[PDB]
Amino acid sequence: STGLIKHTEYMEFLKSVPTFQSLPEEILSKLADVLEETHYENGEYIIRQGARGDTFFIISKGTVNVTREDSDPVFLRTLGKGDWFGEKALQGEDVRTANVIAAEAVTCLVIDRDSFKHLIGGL
Ligand SMILES: O=C(O)c1ccc(CN2CCC[C@H](O[C@H](CO)c3cc(Cl)cc(Cl)c3)[C@@H]2c2ccccc2)c([N+](=O)[O-])c1
């Protein structure tokens, strides 16, 4: 099935990221069952500084720029394949502290707070 082919792709990708390769096979499989892909185009804002957030993003394709207004926005850093962002939104109500903008065609694997709490809660 197409769901199985996507699950196999996500498993291979997670096993290529050292931080996630430390997880047991059982947990990676359950995480790959719930992750979904979101695609972004060059210049598209993935996250905005000051917005409320509920999603965590792992980059599976492309690069993003992280920027913020200190009072025009300043450049903070570029992230790419295997990096992630937005994790504070998984721990509870969160206000984003920086923009994350696609710097080319991007794909992220995403999970929201409700799905993350359900996954962790079942362990
Ligand atoms: O300094 C420290 O205290 C510190 C603490 C933690 C980490 C690792 N941690 C960093 C944030 C992303 C991810 O965690 C989120 C939950 O926040 C997460 C999202 C999904 Cl989908 C699924 C799982 Cl299991 C977890 C990752 C991680 C945490 C645990 C397992 C695997 C990956 C790091 N670090 O390596 O940077 C530094």
Side-chain angles (χ1 to χ4, degrees):
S1 59
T2 295
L4 169 62
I5 295 301
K6 281 183 191 190
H7 188 271
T8 302
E9 286 184 46
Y10 302 171
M11 290 290 274
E12 176 178 63
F13 169 73
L14 292 164
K15 284 179 176 177
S16 85
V17 179
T19 300
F20 289 101
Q21 179 65 283
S22 304
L23 293 167
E25 215 196 317
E26 169 168 5
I27 297 182
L28 290 176
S29 185
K30 293 154 56 159
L31 175 61
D33 287 340
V34 184
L35 285 173
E36 305 199 25
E37 278 175 343
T38 49
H39 306 291
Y40 302 90
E41 300 309 313
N42 187 9
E44 185 171 355
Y45 282 63
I46 299 173
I47 283 172
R48 282 200 174 254
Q49 181 184 9
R52 293 203 291 172
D54 71 349
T55 300
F56 171 64
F57 300 83
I58 314 172
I59 301 162
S60 60
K61 176 185 91 177
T63 63
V64 300
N65 298 135
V66 184
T67 76
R68 78 174 176 191
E69 88 170 17
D70 290 329
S71 175
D72 296 47
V74 306
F75 174 77
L76 297 173
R77 58 173 166 193
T78 293
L79 303 169
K81 181 165 173 184
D83 295 339
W84 58 75
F85 55 88
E87 58 276 11
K88 280 178 93 317
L90 303 177
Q91 332 304 332
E93 164 240 299
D94 182 57
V95 173
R96 304 296 197 181
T97 46
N99 302 307
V100 181
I101 311 172
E104 56 183 286
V106 163
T107 303
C108 287
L109 301 187
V110 303
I111 186 167
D112 66 17
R113 181 164 58 249
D114 295 326
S115 299
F116 175 79
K117 288 165 63 176
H118 179 77
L119 172 57
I120 299 307
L123 304 177

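In listed order, ligands and their atoms are each counted from 1. One is the number of the first residue; the rest follow in order along the sequence.
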Study note, to complete from the structure: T19 heavy atoms within 4.0 Å reach ligand 1 at atoms 8 (C), 26 (C), 27 (C), 31 (C), 32 (C)

Review point. After noting the C-alpha distance and the side-chain angles of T55 and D112, does the key distance pass the side-chain hydrogen bond (donor to acceptor under 3.5 Å, both in side chains) rule?
Key: CA-CA 4 Å; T55 300; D112 66 17; 5.6 Å; no

Review point. Is it the case that more than 12 heavy atoms not belonging to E36 sit under 6.0 Å from its CD atom?
Key: no

Check your understanding: Looking at atom 21 (Cl) of ligand 1, would you say a protein heavy atom lies below 4.0 Å from it?
Key -> yes

Review point. Are the side chain of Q49 and the backbone of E69 linked by a donor-acceptor contact shorter than 3.5 Å?
Key: yes

Point to revise | Non-hydrogen side-chain atoms of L119 and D33 separated by less than 4.5 Å | key: no

Review point. Within the structure, does at least one protein heavy atom fall under 4.0 Å of atom 36 (O) of ligand 1?
Key: yes

Check your understanding: Does the protein put a heavy atom under 4.0 Å from atom 11 (C) of ligand 1?
Key -> yes

Point to revise | Proximity of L31 to ligand 1 by residue part, where a heavy atom lies under 4.0 Å | key: side chain

Exercise for review: Give the numbers and elements of all ligand 1 atoms closer than 4.0 Å to a heavy atom of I111.
Suggested key: 21 (Cl)

Review point. Around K6, counting heavy atoms of other residues, nucleotides and ligands shown, do more than 12 lie under 6.0 Å from its NZ?
Key: no

Exercise for review: Establish whether atom 32 (C) of ligand 1 and some protein heavy atom are separated by less than 4.0 angstrom.
Suggested key: yes

Check your understanding: Heavy-atom count around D70 CG within 6.0 Å, excluding the residue itself: above 12?
Key -> yes

Point to revise | Heavy-atom protein neighbour under 4.0 angstrom from atom 1 (O) of ligand 1 | key: no

Point to revise | Residue and atom name of the nearest protein heavy atom (relative to atom 25 (C) of ligand 1), distance in Å to one decimal | key: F116 CE1, 3.9 Å

Practice item. Go through ligand 1 atom by atom and flag the ones less than 4.0 Å from a non-hydrogen atom of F56. Key: 12 (C), 19 (C), 21 (Cl)

Review point. What are the two closest heavy atoms between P73 and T67, and how far apart are they?
Key: CB-OG1, 4.0 Å

Exercise for review: Around atom 15 (C) of ligand 1, find the nearest protein heavy atom and jot down its residue, atom name and distance.
Suggested key: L90 CD1, 4.2 Å

Exercise for review: Return the orientation label for the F56 and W84 ring planes: parallel under 30°, perpendicular over 60°, tilted otherwise.
Suggested key: tilted

Point to revise | Non-hydrogen atom of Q91 closer than 4.0 Å to ligand 1 | key: yes

